[PDB]
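Undergrad: Fold the following.
(one chain, ligands or ions: 2)
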Amino acid sequence: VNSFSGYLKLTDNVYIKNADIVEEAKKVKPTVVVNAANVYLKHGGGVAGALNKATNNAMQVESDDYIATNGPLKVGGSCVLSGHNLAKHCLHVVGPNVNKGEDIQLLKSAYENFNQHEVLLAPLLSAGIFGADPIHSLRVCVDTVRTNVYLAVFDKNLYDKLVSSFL
Ligand SMILES: OCC1(Nc2ncnc3[nH]ccc23)CC1
Ligand SMILES: [Cl-]
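TA: Numbering: from 1, shown residues only. Ligands and ions are numbered 1, 2, ... in the order given. Now the structure:
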């Protein structure tokens, strides 16, 4: 039993809700919130800009030190950093950016990072400003993630279409 509330069960391990991931994080304080990161951990907009703003820019400050030490992430890769006031940990995951021509096949690799954590609050990777088909992102999630994932989907109209086309 966990404290996630109001989610629709899609499969044995995947759940979904029409909500801002930032608000779900503020309410649940999950062990792991997933950020839809880019390789530079520049948290400007979308999920990343919203999470970072909610941390009063502490996420960005921590991220800049991470990059200065370690260099950029790989597309499809991830790192674990602090969750600040939103969660215990933030798993920064880089899905491919279709607008930059990055290989959508890397979306599966991106979701594989979720399997290192038993329970996660996550957005749809590569959706929104990242330019991929969100229906496809949900399919890859369900077919790749084996741990328990709670998907917060900000856009109401998007949430409605994701549910209806699933089974
Ligand atoms: O609409 C779904 C998507 N975006 C978001 N999802 C969850 N929480 C969010 N907070 C800000 C943006 C945002 C993935 C594209
Ligand atoms: Cl977005």
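
Undergrad: Can you confirm whether stretch 150-163 lies near ligand 2?
TA: No: using CB under 5 Å from the ion, stretch 150-163 stays clear of ligand 2, with a minimum separation of 7.4 Å. The way it works is simple: take the backbone N, C-alpha and C, and place the C-beta from them, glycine included.

Undergrad: Return the set of buried residues in that stretch.
TA: For stretch 150-163, the buried set under the neighbour-count rule, 16 or more other CB atoms under 10 Å, comprises 150, 151, 152, 153, 154, 158, 159, 162.

Undergrad: One more: stretch 63-80?
TA: 63, 66, 73, 75, 76, 77, 78, 79.

Undergrad: what do you get for stretch 136-152?
TA: Within stretch 136-152, the residues scored as buried using 16+ other CB under 10 Å are 137, 138, 140, 141, 142, 144, 145, 148, 149, 150, 151, 152.

Undergrad: Surely the second one and residue 161 touch.
TA: No: between residue 138 and residue 161 there is no contact, the gap being 10.1 Å when judged by CB atoms under 8 Å.

Undergrad: Can you give the distance from stretch 4-18 to the centre of its chain?
TA: Relative to the centre of its chain, stretch 4-18 is centred 15 Å away, using CA atoms, centre = their mean, to the nearest Å.

Undergrad: Then stretch 82-91?
TA: Centroid separation for stretch 82-91 versus its chain: 12 Å, with CA atoms, centre = their mean.

Undergrad: now swap in stretch 94-112 and tell me
TA: 13 Å.

Undergrad: right, is it up against ligand 2?
TA: No: residues of stretch 94-112 are not located near ligand 2 by CB under 5 Å from the ion, the shortest gap being 11.0 Å.

Undergrad: Contacts for that stretch next, please.
TA: The contact list for stretch 94-112 (CB atoms under 8 Å, 6 or more residues apart in numbering) reads 36-39, 73-78, 93, 125-126, 130-132, 136-137, 140-141, 143-145.

Undergrad: Could you check how many residues crowd around the closest residue to ligand 2 within the chain?
TA: Nearest residue of the chain to ligand 2: residue 128, at 2.3 Å (CB to the ion). Per other CB atoms under 10 Å, the neighbour tally for residue 128 reads 19.
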